[PDB]
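This document starts with one chain, in the form deposited in one PDB entry, laid out as structure tokens.
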């Protein structure tokens, strides 16, 4: 039972909303914050759904939804125990405030002038400050939408706890699973499913239009190296694949590609991008970004007076890097926190950069920051003992580093932040790479230029010489 009025209203019960709620409470100890969540589940982190929860030793991981971190500490996907929240009944009156989550309730109408929303059940809530943190909904393929009810019921869109539970069940009861999508989600699920299938010898297929996995973010040579790694996890990878039609044939899904090839499979998992949830822009009169999608907000994540946007749904202005829309866990954290600080009057711009990460089997793990885009010219520095095992990849624009990928090297994000912040025009990025110490614990080094991409292979002796890189202090 929601209150008629609440000081802080958070639309969406995901990662960005929770971070904003924690941030608001940290700056305003008496704050009373209401999260309106369409989802019946309380706020939870999503990255475990495509990684750690598939690799748990526990047979009941599907019910406990607990996973063990790299440090060995078991954790819950939920951000907080249910007890840490207060009920919506008590939110207006409980001493020193708190955070309540109204679950199973969708905001369907937004009035920015009168600072009011309406829920799917007719309730109306007025607010003083409002955060839109609606995230996005998985996109679908046109060929899937034309295939009818049978195919659509055998096609999974992966995002929620429920999606993990249903796919985990299917993985134990079918013989072939086909993943459509080459990005981080399609690739992470392929490695997880591929690893589950090694025991029973079942089939796992991944197909996508690009030349290789992660083709939109990684340079072509590293995308190819990565594809071979995914293939080595027991996955049949089909690059250069454009789905022309899908149908059911003799109890089995049959995918037809423009190439002419054909795939027969028992279940499809479609990981082909995200659609920002901008339905409230119509009633609210809020602007949507035509180039990036999502609500257009400024550097402070503000859309209009008393209304902010954070997370996957927010197209914001980065003072250093330009207008962006970022769909990553740590961004939802950073943006939700920034929005909460600004809802309490901080008026701070996006400055501390968000990062992201992925793991594609045991041989591929990276962190990244900034404009990681494979269309940009790049300089990649890899350790020489072609093996792309450990290294750092710089993404350039106007001779300036605007994005960095840390390839199988960890705890280097501090250095990567400084490089992005300073914005220097470096004459030799091999000198900058020395700061990352990619050989921690005798032939000559060499380099190669493959179109827009430079590839430097550096030995320990050369890499651990003094660096002339310019750092701003």
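Numbering follows the first chain given and starts at 1.
FYI, the form deposited with a partner chain bound isn't displayed, but the following is about it.
A.B. asks: Out of 268 to 276, 88 to 96, 192 to 200, 368 to 376, where are the residues with a heavy atom within 4.5 Å of its partner chain in the deposited bound form?
C.D. replies: Contact-bearing stretch, as computed: 368 to 376.
A.B. asks: Just one of 54, 67, 44, 436 has a heavy atom within 4.5 angstroms of its partner chain in the deposited bound form, so which one?
C.D. replies: Spelling it out, the residue with a heavy atom inside the cut-off is 436.
A.B. asks: With its partner chain left out of view, which of 221, 356, 79, 184 would have a heavy atom within 4.5 Å of it in the deposited bound form?
C.D. replies: That would be 221.
A.B. asks: Whether residue 388 contacts its partner chain in the deposited bound form should be assessed with a 4.5 Å heavy atom distance threshold; does it?
C.D. replies: The answer is yes: residue 388 has a heavy atom within 4.5 Å of its partner chain.
A.B. asks: For residue 382, is any heavy atom within 4.5 Å of its partner chain in the deposited bound form, or not?
C.D. replies: Flag for residue 382 set to yes.
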